[PDB]
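> Here's a sequence, model it:
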Amino acid sequence: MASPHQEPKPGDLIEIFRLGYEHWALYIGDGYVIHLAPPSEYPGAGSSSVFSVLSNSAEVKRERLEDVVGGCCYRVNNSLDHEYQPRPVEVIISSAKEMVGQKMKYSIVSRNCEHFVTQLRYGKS
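Numbering: from 1, shown residues only. Now the structure:
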């Protein structure tokens, strides 16, 4: 018979279901993922501004899948295979690793973690 649950492999797009929202990550093997940490409204927080409250930012990071998902549910969902060519998975993971340590802007980025993990396969070249 077939397996009762999914298991992630190198290059897989991880789809994570939080309370009332969804989030995404790039799985790299050995239980690890690469992901974008979400930003906030901090420099424009209510009743304050850049002189009275500090800034914030998003950052590409590497962690364990378990640590990243926490109490949230998750699945493997490689939807972009229908959109783009079969790119060489070592270069998608190398792109993820090259992106780790890079920053992105404030709250105004909106839904952006799927757009980030999209660019790892779409912008391979």
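> Who are the contact partners of the nearest residue to residue 88 once chain neighbours are set aside?
Spatial nearest neighbour of residue 88, excluding adjacent residues (CB to CB, 6 or more residues apart in numbering): residue 124 at 7.6 Å. C-betas here are computed from N, CA, C, even on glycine. For residue 124, the contact set (CB atoms under 8 Å, 6 or more residues apart in numbering) comprises 87-88, 91-92, 95.
> Pull the most distant pair out of those.
Longest distance between any two of those is 10.5 Å, between 88 and 95; criterion CB to CB.
> more crowded one of the two?
Each of residue 88 and residue 95 has its neighbours counted (other CB atoms under 10 Å); residue 95 has more, 19 against 10.
> The more buried one contacts residue 123, doesn't it?
Yes: the criterion here is CB atoms under 8 Å, and residue 95 meets it with residue 123 at 7.2 Å.
> burial of residue 39, as a residue count?
20.
> what does residue 11 give?
Neighbours around residue 11, by other CB under 10 Å: 21.
> Tell me how far it lies from residue 66.
To residue 66, residue 11 is 19 Å away according to CB to CB, to the nearest Å.
> ok, now residue 43?
Residue 43 is 33 Å from residue 66, where distance means CB to CB.
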